[PDB]
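Protein chains in written order, with our numbering: chain A, 58 to 665; chain B, 1137 to 1360; chain C, 26 to 258; chain D, 20 to 76; chain E, 124 to 206; chain F, 2 to 831.
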Amino acid sequence: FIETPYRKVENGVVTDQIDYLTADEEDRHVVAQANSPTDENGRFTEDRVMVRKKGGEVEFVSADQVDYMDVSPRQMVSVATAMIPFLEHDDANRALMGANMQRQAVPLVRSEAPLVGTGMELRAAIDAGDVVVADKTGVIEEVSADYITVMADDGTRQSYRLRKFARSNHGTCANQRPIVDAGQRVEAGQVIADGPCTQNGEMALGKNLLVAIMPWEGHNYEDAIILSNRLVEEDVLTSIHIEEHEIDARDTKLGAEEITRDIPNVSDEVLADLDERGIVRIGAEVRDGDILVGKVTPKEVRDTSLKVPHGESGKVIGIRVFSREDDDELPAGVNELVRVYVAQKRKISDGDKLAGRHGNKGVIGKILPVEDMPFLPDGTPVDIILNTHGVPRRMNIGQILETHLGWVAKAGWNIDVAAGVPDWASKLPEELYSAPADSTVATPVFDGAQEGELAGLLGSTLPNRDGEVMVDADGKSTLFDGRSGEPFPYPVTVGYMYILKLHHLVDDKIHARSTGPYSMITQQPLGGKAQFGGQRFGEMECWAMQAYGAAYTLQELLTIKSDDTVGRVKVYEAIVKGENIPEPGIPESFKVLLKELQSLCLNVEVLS
Amino acid sequence: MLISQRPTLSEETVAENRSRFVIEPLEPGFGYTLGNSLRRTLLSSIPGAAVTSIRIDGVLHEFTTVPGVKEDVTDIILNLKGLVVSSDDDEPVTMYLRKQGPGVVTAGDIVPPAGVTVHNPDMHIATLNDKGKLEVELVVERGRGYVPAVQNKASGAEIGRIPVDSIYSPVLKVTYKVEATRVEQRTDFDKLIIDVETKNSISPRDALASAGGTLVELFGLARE
Amino acid sequence: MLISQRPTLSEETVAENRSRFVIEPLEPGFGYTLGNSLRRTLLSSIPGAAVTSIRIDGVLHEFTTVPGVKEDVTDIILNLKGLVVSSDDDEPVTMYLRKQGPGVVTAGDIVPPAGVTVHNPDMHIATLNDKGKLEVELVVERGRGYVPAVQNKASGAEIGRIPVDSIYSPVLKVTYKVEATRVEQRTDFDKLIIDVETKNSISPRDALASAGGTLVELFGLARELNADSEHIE
Amino acid sequence: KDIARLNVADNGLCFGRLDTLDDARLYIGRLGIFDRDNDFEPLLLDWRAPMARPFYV
Amino acid sequence: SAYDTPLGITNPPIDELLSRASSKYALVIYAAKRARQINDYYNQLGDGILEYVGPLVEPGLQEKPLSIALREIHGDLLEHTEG
Amino acid sequence: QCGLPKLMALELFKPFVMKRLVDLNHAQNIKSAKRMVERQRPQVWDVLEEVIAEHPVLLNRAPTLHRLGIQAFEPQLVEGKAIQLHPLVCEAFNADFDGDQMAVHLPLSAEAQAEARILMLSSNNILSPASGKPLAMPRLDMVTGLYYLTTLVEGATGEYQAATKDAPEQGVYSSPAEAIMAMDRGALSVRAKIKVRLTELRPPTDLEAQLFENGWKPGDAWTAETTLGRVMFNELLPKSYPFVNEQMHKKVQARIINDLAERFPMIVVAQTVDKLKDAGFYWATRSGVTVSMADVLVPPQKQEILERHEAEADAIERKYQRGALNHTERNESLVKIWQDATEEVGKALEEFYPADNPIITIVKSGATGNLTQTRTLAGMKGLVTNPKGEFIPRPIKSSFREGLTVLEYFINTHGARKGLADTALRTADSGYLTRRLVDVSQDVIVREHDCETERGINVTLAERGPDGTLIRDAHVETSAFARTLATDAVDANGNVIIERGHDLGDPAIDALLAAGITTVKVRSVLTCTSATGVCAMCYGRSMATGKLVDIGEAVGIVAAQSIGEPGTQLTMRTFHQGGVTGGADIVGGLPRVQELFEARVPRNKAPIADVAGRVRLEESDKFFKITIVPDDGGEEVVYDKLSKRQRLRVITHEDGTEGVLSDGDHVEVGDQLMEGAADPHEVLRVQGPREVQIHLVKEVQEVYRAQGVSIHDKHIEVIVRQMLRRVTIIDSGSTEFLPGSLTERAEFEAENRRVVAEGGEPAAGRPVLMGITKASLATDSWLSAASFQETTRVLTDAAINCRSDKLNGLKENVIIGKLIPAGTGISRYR
Ligand SMILES: [Mg+2]
Ligand SMILES: [Zn+2]
């Protein structure tokens, strides 16, 4: 049974004692809330404090009726949901979206951690394992890209090997990189290398981008969104994707499936990127159809080699061969296995999905040159334009607050306390009365930045290099049309937003077919993209195709495309020859049923 | 009334790599548009020089390491993509680099051929140890704009050569304001204050010159 | 550097006072780099002449009608804002229209000094009713663009004077749109389309040439600093 | 639900008064009717209410 | 008739043709059949030009037979009978 | 136009690319061309522009609940791997750009190319084939742009104030271009009142009948007191279309496009909506509509409201603890209290907010959203649901601006998860009903122009009262609009105001309203005396084209779709595994509709008058007795076992508040005597095969109206004509019809009237009301029969009768692999 901790109240004064209760026990008491106030070593300030009860029956009750209390807020949330800032400002379905999209975020080449974030991004990386941490205190003896070597105080020398460009189970990259310098007195548990989506030891799944909340010239319509070409020049939202292809030289009883270079008669030009053994050469680049490993199954000899699939390319990273001349291990009837890895650097592109931690998602409709992007009086062109119309009906304004705080953090702040601390800062933790540029903050999900602490904290906003304040106390700037040249006549909301690139890419979704292989059971094309199949034309679609009164498209679709096996050939030939595409003189699915009803002694006469 | 006070161009030097120009007087409505035309031509079309391709000795692709080094070829390249250069010839010219030992490589270790110049000799490239040996050859070429990796097969007769995304734009930031200041507050006018900031490959004055020349060549079409 | 394919300019005469120019093929981004520049130059760079103020006999404290004429004051003004007058004085010339006699009056009923011209004499101004007269002074002068009325006269030295928004520009309506085109197979270039509606004092191509000259002058001021390393065609 | 309940209750609303030992008229019927203005003072009790008990026991 | 240049497919317009016929279906067939005729005229170069009048209007670069047919139909250069 | 990638067209079009490559002597074979096209060489990219031209492609997105979910588009070849889709076809498709995908199909046969170019092209399907409403009309961005353009701002740069004779007018412009000039300098706002002189803008009619006596000609100047944005708007509408001068709320744009399709071609409407697209995209960017946390304001009365209501919610629990109240009833009360609070907050919030606010502007413009969301965001979320579906009486007094506490967020998640399944089960219910309707229908094709009959049904067109003017009925755009008249319409005098065969519309109805008519006889399919199907003139016009419907048009599938698609907007039967029958209360959504379309006996049944006359009412304990006494005949009739929970009728005449049916009243024949439903079988045996159809149509539309769904009644007319299409016999007459067997009514007529020899007595059978389920099994083909079970009975009965398959219902031509006898596959056109 699952247990969660609570704090023991004794008379109204919160004790520091813990109790890990389970649901049966919890249902017997009155469990309070973490935000409940306390004045002197625990006692509550109020008289009618809010609590739960047996059946989740939230109620206000006297603070003397209380028996337990929650240690923290964020108790009832998970990791991927305690990493969504301003969650109490976002409804639940879009928070669900945010989490389940923060899971499917592809690692980027160079990672960057959020300015505005949550306190639960350091642990989620330490307590996951893609970081490297020191087992023992000591100094650093050697630091290379692959190995790291530490000399501890006890004198024992440790050696950490790092994963470099290894393929995850989903195609992503798994490159680790050191963040330490020789002669560095590291402690125990100290991060020595960063992983695919960490920076200095905290989750960095996306990047901060300069965002303007505004509609543009139709290219951000219905949740679509716009980009600069900067994010493509500087390789900002770029990602490395690796693919694994395997081929086996297994027994056939007609000889031996041999892997060689003396392929049956083919262009020697295809046999140039192949090494002695007919396998492809590391560093070469490939393209659909290009040979990877020449495998000959005996007949005398045929050609069944491993060729690049449809819609794939890249550099050959490395190779992993497994032979039987070593007897390492291979399954029943095999003599050799070859695995070829190929890598592709993929840049953000028109169609690729993009999102934030708040359920704000969309595809990329337009990628603009920086010379036609809304820019600031200082010359800074924004990097992503998001529309206004999707925010209030989707109920995810946490991103507006995130934008504001991102500004407040990329541009520092100094609360002028000369005349005391303003009333909107009477609840602020000192050490938060000032900060430099490119600072990093934390807004825990249910104990974080408020709106008083964030309204007046937008005025401070240390000026730019020229003394000019580019954003006012409401969160807005004054932009310029990079096309016309005139300033948009109303101030626009600008800031910095943490944006995530997702596994839903268009190089993985674009599918098309004219001809190819069929199922030989139902005798239609196959269903799928790897199968190189077609698209389901269903019943509702046939209804919709009838209500137009379109009979020839329906005939075409139900005969010449899926089932009619003697018509698709006539069609291919007609088209390639440029003659009128024929027409079935008399329907064709009818003949077997005609036979078998005649065979049953029932006269049938196709009339005319 | 007609105004015979033609416009005038006056430069002001804020720093070594950024300047501030003034164009005055000007008709109303007629400042922002010029500022934008110039901004666009600047951020888009100014010639330049950048690294187009690289060859390291023992590696074969961007997805590996070099022994003794602390930065994989991917970070090395992402750093080389912050290198300013200037080739005074309209052809490719291959530079060279070779460092050894525990050094901390910098852009002030490329020996460029005669004609090329490096303006950020304190740029970080990598950091080595007693087993490091970073040998490299970088190809510099002239162009404009943003030209992505010229895939290898397209060129032909090449292996171990690594194309990289070239960015030919000495301009770094441009902007402008317009003070609608009136002459003796009798009639209406504008004053255009442009502001330009470069990457030290050329000066703002010269970039503005090139932009103006291009725009001249364009607008001349209107005239028969 | 050197440009690819030497763009070109074409013109289409949808009417006589109106036209539609097309510039193509333009490198990408160079459609909005200059479209608004051409627009605002054409609208606010070419010099012209236009009525700046009027006076009438019979309207000095109640500016609604003018006894003797069908048209009210607003209508005669609106007609005198479409008057197409030229000049060479570069100074506030005065003119007079005098139409004692019931009938109809137009711009062919003004006597313009030898240095002033009127290209729309057939334009209606006011239908004089039975037993109606008409006298009106005009203050014509030159300028650029559209400058509104000047009523910065707390104690005017003339009474009944009525200032009018001055359409000094021979170009009344310019508007541009930029589309995409394709050269051989690369696309996303810019094709620039710009429609021009002038008065009868000038043809749209002459206005285009004048704006081109102005822009050449400015960007030669900018080019005058080093004069090297630009695009050529 | 509310409508249905009202439609039903149209038939035989008040079952009977209870005159207490403190002159506290308690009309008993098959629906709760309170005065939203007068401290939700009940005008008609439901037959399923703890103070509708001394009509059955 | 007060509209602008009909662009691409939309030229020839639709409400113009729908009066050159009884309905829109009849127009579908009235165009498809002439498309077949145009194609069979183009494919047949040996056999003399008889029973295949060709395109009654001037073709273009290629101006696929369906467009030629709908244009001809706009010019009132065809007749048709139902069943 | 639709954007097609260069790697998704290359494949689709591959064979044509081969042909072209081989005619241009790039490839000497078809094998070399196949290879070339596989290796994506540089030469197969020029070719693919000469063949992708003028070749349409169909775009589909599933689920496809109506025909506009498949549309034809002209391909424009683009670099990329995503498909560019016009933003106006995205409401039919139900598409957005959050990741959604789309499928592409390519036709090959000239016939299908033309069907796409003509029937499917998006520039022709501007309207719904269900209400006539436009779909390809400005959505959110366009709407807010055109609503900011055309709005009026008092106190704006350059406005009109008349200057009080210091200067004459101060704000008048001789043209729109001069006003543009004045707007560039900064001297005029595009939202300021001015007076412009217009020549190429046709004025309205109120002023055109007052400034022109011979027809306003372009160039004839006039003066307009309006804004410059309204001018530039009207400069997008067609030449002869008048001046609107109105704030372009969504309803206005809809109205205007409806009028344009009434009075213009459809290519013009397409061009016009594209113009409006461009303009709204322009003036939305420049509308200053953005979001901050300062553009999200909170009324200051909120806390006063909530305290004033906590007073009540405390007094309640006080009584509860005193015993005056149960727990469930206490919860009901509290929910009634925390509902009169979110209401006051929404009120105070739509008041406190200005009009220039973006969060209110985007709503009141019809672009998106509701005021419920604005209250949830800046006011209070309010009450939330359990996983049972009940209300938690402790509300959420916090907004998503203040931020929600932990408990509030947790209890909102409850109903936030319970909405992901509902949204799926509702689709299965809708699909059930839609399959039923498509089964009974799918053989209601139009076959002949005019049935040549003078029957019809009466439709009210307006109603007056103690006033003079006539109040126009709210059910005109579905009852009389888009119909054909059966009788020349006449006023008191006797002349014809609208003549026979006239396709009614907005002009015609406005005319008939100007002369004061309050009933008109209209043609319908409930009466079309056609053997196989319906006639055009009885169906009427098509809502998509706006022109009279064609011959061969499948109009039953359209009906099924139009009724089924909005089936998710309707209430249903609770989705819980088990419990108590929730039918104890009223449930009148999809249940009522399935009930009616199957013609089963209602639950809350009520008896109807068997004979006109007067009423005598008696009441025992829990039993109602009612005796109708006829006014002319005799033999008083009675209904006794009438439950008393079942409430009597409520009349509610204009003056008298009669309400409850009373003793000493008058009941006509058909008068429901108790509040509830009537059994169509009683209505039938009393009145006939024309009144029951009307009762059914009216009830189905009552349902679909209480839920906010607009459907033209002619679809229900189709579905009901296909429910009363047969007769049961007790006398064969001269005709040989086995007495005791069901047969058609058209066969009835044919076989029983043609008998002029041997005709001593005609046939005799009475009609039968059935449901779409049975009515779909009564088909008259031996191929759709074998399609079901019982193939042997059918084949034998048919081979002994040497029958013939006429191949009409089109459910059997797909089996055979043959064209559908509808649209383009009928002999007339085939
Ligand atoms: Mg979606
Ligand atoms: Zn009929």
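Don't be surprised by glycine CBs; every beta carbon is placed ideally from N, CA and C.
Residue from the options whose Cα sits closest to the Cα of residue i
{"i": "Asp1331/B", "options": "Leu1174/B, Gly1239/B, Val1241/B and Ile1261/B", "result": "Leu1174/B"}
{"i": "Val191/F", "options": "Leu120/F, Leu685/F, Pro177/F and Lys240/F", "result": "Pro177/F"}
{"i": "residue 687/A", "options": "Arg570/A, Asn453/A and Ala512/A", "result": "What the structure shows of chain A is the stretch from 58 to 665, and residue 687/A is not part of that stretch, so it cannot be assessed."}
{"i": "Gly133/C", "options": "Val241/C, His144/C and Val76/C", "result": "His144/C"}
Distance between beta carbons of residue j and residue i, contact taken as under 8 Å
{"i": "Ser442/F", "j": "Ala561/F", "result": "5 Å"}
{"i": "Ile48/C", "j": "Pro32/C", "result": "6 Å"}
{"i": "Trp464/A", "j": "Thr518/A", "result": "7 Å"}
{"i": "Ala222/F", "j": "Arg198/F", "result": "5 Å"}
{"i": "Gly422/A", "j": "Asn277/A", "result": "6 Å"}
{"i": "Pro493/A", "j": "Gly469/A", "result": "5 Å"}
Identity of the residues DSSP links to residue i by a beta bridge
{"i": "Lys1327/B", "result": "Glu1315/B"}
{"i": "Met260/A", "result": "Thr255/A"}
{"i": "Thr437/A", "result": "Answer is none; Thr437/A lacks a bridge partner."}
Proximity test, residue i beta-carbon vs ligand 1 heavy atom, cut-off 8 Å
{"i": "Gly100/F", "result": "yes"}
{"i": "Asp97/F", "result": "yes"}
Near ligand 2: residue i beta-carbon under 8 Å from a heavy atom
{"i": "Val526/F", "result": "yes"}
{"i": "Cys452/F", "result": "yes"}
{"i": "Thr579/A", "result": "no"}
{"i": "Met538/F", "result": "yes"}
{"i": "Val535/F", "result": "yes"}
Check: residue i C-beta below 8 Å from any heavy atom of ligand 3
{"i": "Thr530/F", "result": "The model on display carries ligand 1 and ligand 2 but not ligand 3."}
**Study point:** Meets three-Cβ-pair contact criterion under 8 Å: the stretch 33-42 of chain D and the stretch 291-305 of chain F
**Key:** no
Review point. Would the stretch 426-439 of chain A and the stretch 1303-1320 of chain B be scored as touching if the rule is three or more Cβ pairs under 8 Å?
Key: yes
**Study point:** the stretch 1346-1357 of chain B: positions lying closer than 8 Å to chain H by Cβ
**Key:** Included in the structure are the protein chains A, B, C, D, E and F, with no chain H among them.
Point to revise | Meets three-Cβ-pair contact criterion under 8 Å: the stretch 632-648 of chain F and the stretch 718-725 of chain F | key: no
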